[PDB]
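Colleague: Provided herewith is a single structure, encoded as structure tokens, for subsequent inquiry.
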Amino acid sequence: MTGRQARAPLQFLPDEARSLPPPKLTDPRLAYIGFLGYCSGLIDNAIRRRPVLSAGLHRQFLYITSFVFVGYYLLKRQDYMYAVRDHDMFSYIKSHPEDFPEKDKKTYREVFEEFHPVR
Amino acid sequence: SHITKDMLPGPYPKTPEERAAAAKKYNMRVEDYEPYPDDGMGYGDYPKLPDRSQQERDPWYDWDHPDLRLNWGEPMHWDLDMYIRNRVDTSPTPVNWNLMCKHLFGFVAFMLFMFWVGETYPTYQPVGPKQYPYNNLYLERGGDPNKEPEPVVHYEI
Amino acid sequence: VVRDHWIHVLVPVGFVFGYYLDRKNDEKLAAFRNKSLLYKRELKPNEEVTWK
Amino acid sequence: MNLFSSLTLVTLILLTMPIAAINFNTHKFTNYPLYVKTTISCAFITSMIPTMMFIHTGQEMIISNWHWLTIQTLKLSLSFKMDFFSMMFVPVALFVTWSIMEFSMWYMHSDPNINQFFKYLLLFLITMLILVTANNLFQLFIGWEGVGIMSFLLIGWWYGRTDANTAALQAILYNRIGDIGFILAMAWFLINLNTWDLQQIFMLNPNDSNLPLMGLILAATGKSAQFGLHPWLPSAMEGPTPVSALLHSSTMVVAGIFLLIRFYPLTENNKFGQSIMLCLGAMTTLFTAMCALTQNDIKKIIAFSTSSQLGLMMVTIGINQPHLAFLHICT
Amino acid sequence: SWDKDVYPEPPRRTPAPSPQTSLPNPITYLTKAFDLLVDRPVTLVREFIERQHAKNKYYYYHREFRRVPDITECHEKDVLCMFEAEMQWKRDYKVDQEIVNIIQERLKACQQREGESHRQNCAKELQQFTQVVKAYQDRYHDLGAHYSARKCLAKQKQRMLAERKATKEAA
Amino acid sequence: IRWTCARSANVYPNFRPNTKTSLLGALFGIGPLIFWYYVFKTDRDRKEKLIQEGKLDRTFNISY
Amino acid sequence: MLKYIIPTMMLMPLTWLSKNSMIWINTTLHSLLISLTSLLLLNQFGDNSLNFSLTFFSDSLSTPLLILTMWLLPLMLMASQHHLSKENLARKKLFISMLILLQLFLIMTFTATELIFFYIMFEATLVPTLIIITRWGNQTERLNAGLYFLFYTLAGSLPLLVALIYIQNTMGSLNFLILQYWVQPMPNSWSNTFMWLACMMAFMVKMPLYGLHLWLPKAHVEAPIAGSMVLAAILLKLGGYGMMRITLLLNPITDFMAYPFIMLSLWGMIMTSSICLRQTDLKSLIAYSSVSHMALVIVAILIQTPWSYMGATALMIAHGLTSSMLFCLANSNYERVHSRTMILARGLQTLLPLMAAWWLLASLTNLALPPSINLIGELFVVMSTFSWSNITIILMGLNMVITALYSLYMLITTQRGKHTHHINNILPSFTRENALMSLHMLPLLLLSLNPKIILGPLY
Amino acid sequence: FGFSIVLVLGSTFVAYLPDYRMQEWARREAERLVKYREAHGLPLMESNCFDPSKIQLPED
């Protein structure tokens with residue numbers, strides 16, 4: 001789905017991204033990114049012949065911090081994009097209400113179907 | 001270990017070297033080795049045997065595998081799993097085989113024929129039917145307590 | 001006293017943590033509390049709940 | 001009566017203690033044969049009473065409990081009925097097998113695997129009892145395959161001896177032919193009469209009695225060593241001696257025609273079926289008679305004799321006379 | 001505890017004994033010895049258990065239901081309507097299964113009481129069994145395994161439409 | 001070991017597709033299949049047309 | 001259920017940060033604790049299934065299979081020693097962690113909300129078993145077996161994804177609840193026939209049916225014991241579970257197009273029972289036994305009676321337990337002699353006396369032990385198929401006869417008749433094998449007592 | 001931790017628990033409803049499980 005008002009260049013975090021609730025502490029996706037950072041540092045120590053689970057503790061801390069930071073900004077952009085998709089959808093509903101009629105919601109007392117007996 | 005030359009790739013041509021290596025690997029006399037031959041039914045180049053081997057191999061030879069009839073070195077039969085005692089008795093019959101099957105089928109046909117002759121010719125005795133008292137057990141047969149009572153009675157003879 | 005084996009303690013802690021998270025998920029999905037049409041009553045008898 | 005039902009249920013339950021007793025032993029027994037002998041004698045002194053109370057009274061009753069799968073319009077419980085033949089047939093089997101306990105004390109006196117032998121033999125008796133008491137036909141099927149596989153084990157008691165396991169394989173194969181006949185009867189009963197329960201079966205007797213009767217004929221020839229399905233009987237005589245005595249004296253040999261006795265209002269009709277009954281039994285009788293001459297193995301001789309007696313009982317089922325056939329079972 | 005007006009039984013036609021014997025009667029001596037050596041231990045143990053039940057009281061309660069409206073009053077999608085209607089329908093299905101179970105149990109009891117007089121005293125009960133099973137064979141049977149309720153409703157509409165066509169042709 | 005390895009793994013070589021082997025294969029694999037398929041055709045058409053007539057033995061036929 | 005997923009994530013680093021001679025007891029103990037924890041599962045009642053979250057919901061089809069999976073894990077985790085005791089500690093940790101990850105994707109697979117999640121966890125189930133059998137196959141064609149396995153299961157299971165996205169964008173969301181409420185008959189077009197053939201053919205390949213079962217013998221003769229039991233029990237009965245869930249939609253055309261699968265299933269069941277009657281290599285006999293029983297399962301699925309579904313799930317659970325037990329018996333024989341064949345190791349009534357009890361009991365459970373769950377399943381399937389057709393009982397009973405036959409021959413070939421008196425290296429019967437057999441067969445008899453659990457949602 | 005605390009405890013857990021499919025509940029419900037319908041004279045299991053007056057059949 002194309003921009004949609006690139007006037008207003010690429011703008012990694014836009015102005016209206018502060019007009020929506022940001023994600024919070026212990027949300028599961030950033031926790032997944034944090035475990036991904038722990039596994040990143042652990043496997044970094046596993047590349048070279050330095051021992052695993054030791055002697056890379058600042059690398060553990062730096063990789064986990066960096067991934068949580070990056071993933072937090074990515075989550076903010078993600079929720080912005082879904083919100084603007086929602087607003088564009090409902091605004092096109094408002095622009096052409098006539099093209100989308102309410103379907104004939106019959107109750108099942110008057111609905112005829114087929115039966116197709118299995119035996 | 002296990003050398004690759006103890007498997008069996010390739011068939012029986014050509015006749016010097018294949019029969020030579022078959023006598024090597026199969027521990028057999030050269031003319032005693034026989035290919036099948038190959039007919040697209042797999043089989044490699046596996047030996048053909050005299051194919052009975054279990055009611056043969058008389059028990060007093062006292063070989064090494066007593067309930068297998070092996071010798072620890074044999075061409076084992078390709079269809080050995082059907083041959084063993086407890087599976088198929090390939091004995092020499094006391095009489096024949098064709099005489100056996102023909103007289104058994106003739107006996108079966110005779111007995112069933114006389115059964116059908118009996119089924120058209122029953123026994124019966126100088127006895128009439130049973131004169132049940134109440135409309136042949138009506139209300140103790142199928143019922144109908146108010147549908148159909150019927151007048152029918154026996155007369156004394 | 002706990003440091004003799006800190007290994008065997010781990011999986012009941014994991015189970016209790018998952019159970020607490022499932023109860024928090026059920027609190028997040030706490031709609032249609034008395035709005036159902038068959039299992040319906042008021043905020044009664046004690047205090048203002050029908051499941052928690 | 002609480003007395004009557006209680007005594008029948010304890011004739012069932014007193015053949016449950018010794019198996020779990022030696023499985024809970026973790027010691028070394030000596031007089032476990034004496035223990036099994038005295039508990040079979042106890043079973044007989046319990047089971048002598050309800051037959052006397054029966055012919056004194058009547059009161060022909062059914063018991064049923066511990067239901068499971070009340071799923072669709074049926075439910076099946078552990079359910080058995082004490083009636084005329086199913087009640088007076090128990091003490092005969094108990095007393096006969098008590099004699100076989102004595103004869104097995106003598107016969108297998110010098111072979112120290114006697115404990116596993118008596119466990120198999122007792123479990124075979126229990127399975128045969130659960131067969132002959134039941135009206136819920138799934139319990140009949142339980143006892144049916146159970147006495148088939150205990151027959152397998154008792155024939156193949158002597159491991160080694162290719163005769164034995166050959167024989168046992170033949171016996172179990174012909175009993176699976178009995179099984180396909182019995183499950184065909186079971187399937188017809190379920191689909192047409194909502195259950196396999198002889199109360200409802202004999203309450204609603206249909207006139208189409210052809211497919212279940214053919215299933216009954218196939219179960220009968222699978223069990224009772226009939227023409228074409230006989231030769232596992234001398235093969236079965238290749239087992240040990242009181243094994244063969246119990247296996248083809250009372251138990252396991254009359255159970256095929258026992259079911260046909262049990263279905264007598266179902267086989268009041270369909271004279272085509274009774275014609276097939278008597279013709280088949282006559283075929284068995286004369287075939288094993290002509291085979292029975294010129295044979296020199298005494299076990300096989302008595303096997304041919306009892307095959308002929310089973311043929312006379314098949315004739316006795318063919319004519320509408322089931323109670324003479326049951327009296328022939330006992331004698 | 002069971003309602004005899006929903007579990008019917010004929011009363012106890014108890015014949016009086018009549019000897020005409022001088023052996024006399026081993027079974028009477030046996031049943032009096034049975035009562036003396038069996039019933040009183042059973043009575044003592046059951047009375048102790050009955051007092052220990054009489055200590056305090058527990059109470060199991062029948063879960064009671066309303067009537068959520070209908071499946072035919074739900075629309076074509078109505079997701080918070082169909083769920084209520086069809087679980088109520090499933091409970092109707094299972095309780096109707098147990099109706100059929102109860103009637104078939106009564107048939108078995110009528111068979112066993114009368115002995116061999118099957119054509120006596122089992123008339124109304126056989127007839128109501130045939131009635132309920134004709135309703136069941138016509139209503140729930142030939143539809144399949146993934147019923148929800150709507151297959152049964154389609155069967156219902158097609159059944160009454162076939163009968164409407166039948167009476168329209170036969171009138 | 002030689003008999004086992006010849007019996008299991010040394011079948012697929014050596015193979016050639018002969019016309020007699022192929023016709024015998026297509027007869028021993030497809031013959032009984034189309035035989036039982038024809039008889040299921042037969043029995044199912046008879047039973048379904050019979051219950052479409054409505055003259056089944058469904059006096060009570062619950063356990064389907 | 002999330003409280004069943006998250007201790008499995010906690011069970012993985014247990015294996016890592018436990019030390020030498022300390023990983024084993026901790027993993028075994030704690031996975032048995034998880035077996036208790038999901039023995040606590042069965043809250044399911046009445047009208048619906050037990051349904052908790054956008055994430056999770058569990059039927060009583062999924063309930064016994066999930067309990068069976070978590071019960072089969074620690075038994076297996078004890079079963080897979082004696083062939084990696086001499087291997088490395090790190091490679092041992094990799095093995096055990098791969099098993100735990102495989103269990104995790106099994107539970108993920110059984111409690112899927114939408115069928116897309118079911119497919120993702122389906123091929124997630126597919127992937128590590130490959131690594132298990134290829135890294136510890138212990139025979140020269142584990143190459144070919146893993147290659148056949150992955151290619152058949154992908155390339156049969158590949159159009160299933162396309163058909164699921166098509167059902168996604170034609171009928172709204174793919175959750176099983178609303179699809180249970182928004183089904184509608186899709187009549188005899190040809191695209192309906194292709195779509196039905198896609199979904200059913202993918203799960204056909206997973207069962208396997210007779211048409212392409214050829215990966216299954218190599219995948220059991222050329223696999224270690226852990227991957228073999230996981231493969232057979234949980235993967236084949238998972239395929240059956242998946243067909244049970246997807247078959248709710250597409251009702252109107254199955255009368256048109258369900259005939260030939262029934263045909264291939266029945267005739268291939270008979271031919272499979274024929275081909276296992278004669279073969280050597282004892283380990284393969286259980287595999288062809290599995291092919292026969294799952295052909296019976298497939299017949300039970302494609303006929304559509306609640307009797308048939310209850311018998312189907314009974315046969316699922318019963319053959320899972322029986323085949324896993326019998327695999328471990330074959331593994332015990334392969335630990336005794338290094339043969340894998342059938343005619344070499346003979347005797348064994350003298351030697352190992354109570355091992356005979358377990359062989360007898362296993363051949364009884366293959367033999368349809370008369371109150372066992374196996375007989376319940378086979379019996380109700382025969383009932384429903386005799387309702388479906390009055391002539392198919394011939395093939396069912398012929399299957400019954402040959403089933404009894406090959407089970408009995410599997411018994412008496414190995415443990416009857418003569419000890420070969422030249423082997424002389426068997427150790428006596430370990431407590432490990434008897435412990436594993438008591439872990440197998442006591443639950444089977446307990447479920448034989450009160451089988452109202454193991455009957456499915458159409459109870 | 002496989003037998004003494006798993007096997008027998010799971011055995012006593014599955015030996016009795018609240019009934020699947022509300023089974024004893026269905027028993028008592030069926031007893032109550034059959035006593036109801038036999039008290040009010042009408043036959044038990046009235047067929048046509050939905051209201052035939054409350055149906056809208058599309059005619060021919």
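Note on naming: chains are A, B, ... as they come in the structure tokens, residues start from 1 per chain, ligands start from 1 in the order shown.
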Counting only C-alpha atoms, which residues from chain E have an atom at most 9 Å from any atom of chain G, and could you show them as a list in words?

Modeller: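 Residues satisfying the distance criterion: residues 77, 79, 82, 83, 86, 87, 88, 90, 91, 144, 145, 146, 148 and 150 of chain E.
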
Colleague: If you run DSSP over the backbone, which residues in stretch 189-322 of chain D end up helix (DSSP H, G or I)? Put them as a ChimeraX atom specification.

Modeller: /D:189-193,198-203,211-223,232-237,241-249,255-262,266-268,271-292,298-318,322

Colleague: So that I can check the surroundings of stretch 42-58 of chain H, please list as a PyMOL selection string every protein, DNA and RNA residue that reaches within 7 Å of it, counting only C-alpha atoms and ignoring chain neighbours fewer than 4 positions away.

Modeller: (chain A and resi 109-110+112) or (chain E and resi 132+135+139+156) or (chain H and resi 34+37-38)

Colleague: Please produce a file of those selected residues containing N, CA and C atoms, as a PDB file, in the first residue's frame.

Modeller:
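Result file follows (result_31.pdb):
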```pdb
ATOM      1  N   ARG A 109     -35.104 -18.652  10.630  1.00  0.00           N
ATOM      2  CA  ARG A 109     -36.448 -19.192  10.484  1.00  0.00           C
ATOM      3  C   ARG A 109     -36.883 -19.194   9.025  1.00  0.00           C
ATOM      4  N   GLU A 110     -36.319 -18.299   8.213  1.00  0.00           N
ATOM      5  CA  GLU A 110     -36.696 -18.159   6.814  1.00  0.00           C
ATOM      6  C   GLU A 110     -35.568 -18.507   5.850  1.00  0.00           C
ATOM      7  N   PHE A 112     -33.575 -20.987   3.649  1.00  0.00           N
ATOM      8  CA  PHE A 112     -33.559 -22.299   3.023  1.00  0.00           C
ATOM      9  C   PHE A 112     -32.145 -22.626   2.572  1.00  0.00           C
TER      10      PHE A 112
ATOM     11  N   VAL E 132     -40.962 -43.497  20.748  1.00  0.00           N
ATOM     12  CA  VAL E 132     -39.810 -42.629  20.972  1.00  0.00           C
ATOM     13  C   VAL E 132     -38.698 -42.945  19.980  1.00  0.00           C
ATOM     14  N   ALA E 135     -39.588 -41.335  16.615  1.00  0.00           N
ATOM     15  CA  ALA E 135     -39.241 -39.919  16.701  1.00  0.00           C
ATOM     16  C   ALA E 135     -37.733 -39.706  16.603  1.00  0.00           C
ATOM     17  N   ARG E 139     -35.618 -37.878  13.736  1.00  0.00           N
ATOM     18  CA  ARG E 139     -35.195 -36.538  14.119  1.00  0.00           C
ATOM     19  C   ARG E 139     -33.692 -36.345  14.206  1.00  0.00           C
ATOM     20  N   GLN E 156     -34.908 -30.967   9.554  1.00  0.00           N
ATOM     21  CA  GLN E 156     -36.252 -30.659  10.024  1.00  0.00           C
ATOM     22  C   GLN E 156     -37.069 -29.966   8.945  1.00  0.00           C
TER      23      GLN E 156
ATOM     24  N   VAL H  34     -38.537 -36.679  32.160  1.00  0.00           N
ATOM     25  CA  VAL H  34     -39.447 -37.766  31.819  1.00  0.00           C
ATOM     26  C   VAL H  34     -40.571 -37.862  32.843  1.00  0.00           C
ATOM     27  N   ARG H  37     -42.977 -34.977  31.796  1.00  0.00           N
ATOM     28  CA  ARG H  37     -43.810 -35.242  30.627  1.00  0.00           C
ATOM     29  C   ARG H  37     -44.797 -36.375  30.869  1.00  0.00           C
ATOM     30  N   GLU H  38     -44.447 -37.353  31.704  1.00  0.00           N
ATOM     31  CA  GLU H  38     -45.433 -38.369  32.038  1.00  0.00           C
ATOM     32  C   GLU H  38     -46.425 -37.898  33.089  1.00  0.00           C
TER      33      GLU H  38
END
```

Colleague: Provide as a ChimeraX atom specification the residues of chain B at most 9 Å from chain D, counting only C-alpha atoms.

Modeller: /B:67,85-87,111,115,119

Colleague: When you look at residue D:65 with a cut-off of 7 Å (counting only C-alpha atoms), what residues show up, excluding the ones that are within fewer than 2 positions of it in the same chain? I need them as a tab-separated table (two decimals) with C-alpha atoms, in the first residue's frame.

Modeller:
```tsv
chain	number	residue	atom	x	y	z
D	67	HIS	CA	-21.35	-49.37	33.43
D	77	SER	CA	-21.95	-52.83	32.14
D	78	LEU	CA	-20.30	-55.91	33.56
D	79	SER	CA	-23.48	-57.89	33.33
```

Colleague: Using only C-alpha atoms, I'd like a table of the residues in chain A that come within 12 Å of chain F; for each, show the closest atom pair and its distance in Å rounded to one decimal, ordered by chain and ascending number, as a tab-separated table.

Modeller:
```
residue	atom	partner	partner_atom	distance
A:117	CA	F:48	CA	10.5
A:118	CA	F:48	CA	10.4
A:119	CA	F:64	CA	7.7
```

Colleague: Would you give me, as a list in words, the residues of chain B that come within 10 Å of chain E, using only C-alpha atoms?

Modeller: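 Result: residues 138, 139, 140, 141, 142, 143, 144 and 145 of chain B.
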
Colleague: Which polymer residues have any atom within 9 Å of an atom of residue C:18, counting only C-alpha atoms, with same-chain residues fewer than 4 positions away left out, as a PyMOL selection string?

Modeller: (chain C and resi 13-14+22-23) or (chain G and resi 1-7)

Colleague: Output N, CA and C atoms for every residue in the selection just made, as a tab-separated table (two decimals), in the first residue's frame.

Modeller:
```
chain	number	residue	atom	x	y	z
C	13	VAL	N	8.79	-23.00	39.58
C	13	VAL	CA	8.76	-21.55	39.41
C	13	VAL	C	8.26	-21.19	38.02
C	14	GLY	N	8.69	-21.95	37.00
C	14	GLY	CA	8.18	-21.73	35.66
C	14	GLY	C	6.69	-22.00	35.53
C	22	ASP	N	-1.42	-16.72	32.96
C	22	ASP	CA	-2.72	-17.11	32.42
C	22	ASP	C	-3.86	-16.45	33.18
C	23	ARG	N	-3.70	-16.29	34.50
C	23	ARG	CA	-4.71	-15.55	35.25
C	23	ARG	C	-4.74	-14.08	34.86
G	1	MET	N	-2.29	-24.22	29.65
G	1	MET	CA	-1.68	-24.71	28.42
G	1	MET	C	-0.47	-23.86	28.11
G	2	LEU	N	-0.59	-22.55	28.31
G	2	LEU	CA	0.61	-21.72	28.35
G	2	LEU	C	1.44	-22.04	29.58
G	3	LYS	N	0.78	-22.44	30.67
G	3	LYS	CA	1.43	-23.02	31.83
G	3	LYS	C	1.92	-24.44	31.59
G	4	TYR	N	1.71	-24.98	30.38
G	4	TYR	CA	2.33	-26.22	29.94
G	4	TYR	C	3.43	-25.96	28.91
G	5	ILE	N	3.33	-24.86	28.18
G	5	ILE	CA	4.35	-24.46	27.22
G	5	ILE	C	5.56	-23.88	27.92
G	6	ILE	N	5.34	-22.94	28.84
G	6	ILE	CA	6.45	-22.24	29.48
G	6	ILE	C	7.34	-23.10	30.38
G	7	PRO	N	6.91	-24.19	31.07
G	7	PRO	CA	7.93	-25.00	31.74
G	7	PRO	C	8.75	-25.83	30.78
```

Colleague: Report, in Å to a single decimal, how far apart atom CA of residue E:76 and atom CA of residue G:184 are.

Modeller: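 According to the coordinates, atom CA of residue G:184 and atom CA of residue E:76 are separated by 11.5 Å.
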
Colleague: I'd like to know which of A:115, A:69, A:32, A:100 is closest to residue E:155, using only C-alpha atoms.

Modeller: A:115
